[PDB]
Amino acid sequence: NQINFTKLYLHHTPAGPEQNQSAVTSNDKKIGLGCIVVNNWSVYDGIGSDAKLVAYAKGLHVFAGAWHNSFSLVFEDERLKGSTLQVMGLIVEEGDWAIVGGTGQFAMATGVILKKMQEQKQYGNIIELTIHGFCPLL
């Protein structure tokens, strides 16, 4: 049973008036790594001005030559309130992410999340998400 997900759109806003993340540490000039950014990325079920918020990407990503992400994908939907998808993986804009687990309706979830740049704005960007998850919640 594969989760029939619609493509989601994660709003990664590093700065600007709608900034939803912040760096708490800086990079060491000797090594070139160490920056840690805590993020509360908004996730929509579509594109456009009438796209609705369906989830949040709450967690952090650390810079070690590449960004290692670890965040909870908590669903703000009325019927899926409380249920979360646990995501861990490398790179934010491109690449893949791993579904390392989940809670509620997505208990014991497993799968991957494909990332694709969709829109580049002045103070942020939108990342298209394709979820190939499986939950044994028969």
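All residue numbers are counted from 1 along the displayed sequence.
> Out of 78 to 86 and 93 to 101, which one has CA B-factors that are higher on average in the deposited record?
Averaged over C-alpha atoms, the B-factors run higher in 78 to 86.
> Mean Cα B factor from the PDB record: higher for 22 to 30, or higher for 53 to 61?
Mean B over CA atoms: larger for 22 to 30.
> What third of its chain's C-alpha B-factors does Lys121 belong to: lowest, middle or highest?
According to the entry, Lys121 has a C-alpha B-factor in the chain's highest third.
> Place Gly111 in the lowest, middle or highest third of its chain's C-alpha B-factors, as listed in the PDB entry.
Ranked within chain, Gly111 CA B lands in the middle tercile.
> Where does the C-alpha B-factor of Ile3 rank in its chain, lowest, middle or highest third?
Its C-alpha B-factor belongs to the highest third of this chain's values.
> Taking the entry's C-alpha B-factors for this chain, is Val37 in the lowest, middle or highest third?
Its C-alpha B-factor belongs to the lowest third of this chain's values.
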